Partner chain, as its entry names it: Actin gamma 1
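Okay, here we've got a single chain as structure tokens, the form solved without its partner chain, with questions on binding and movement later.
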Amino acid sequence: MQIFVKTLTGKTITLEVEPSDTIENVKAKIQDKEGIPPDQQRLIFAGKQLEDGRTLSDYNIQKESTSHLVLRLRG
């Protein structure tokens, strides 16, 4: 499935993922496109920060017809 990530400029990128993928795995894909290491990424979905050891399904991100996440820089 596809997800959209609002980057630090207010623009977006797209990632291809699976619902059971871990948050850490998603951050690795964001690092590939944006050059921000996973330890400096904060991902927000539906107002909640996503935890590295959790999966996308833990947050029901796949239930939305369009999956919208927001990237913030730690610090």
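Residue numbers count along the first chain shown, from 1.
Novice: Looking at the deposited entry, does 52-60 or 12-20 carry the larger mean Cα B-factor?
Specialist: Mean CA B-factor is higher for 12-20.
Novice: Sorting the chain's CA B-factors, does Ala46 end up in the lowest, middle or highest third?
Specialist: It falls in the top third of the chain.
Novice: When the deposited Cα B-factors of this chain's modelled residues are ordered and cut into thirds, is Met1 in the lowest, the middle or the highest one?
Specialist: Within its chain, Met1 is a highest-third residue by C-alpha B-factor, going by the deposited values.
The following text describes the form deposited with its partner chain bound, which does not appear among the structures shown.
Novice: Just to make sure I understand: among 34-61, which residues lie within 4.5 Å of its partner chain in the deposited complex, judging by heavy atoms?
Specialist: Heavy-atom contacts within 4.5 Å come from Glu34, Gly35, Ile36, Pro37, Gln40.
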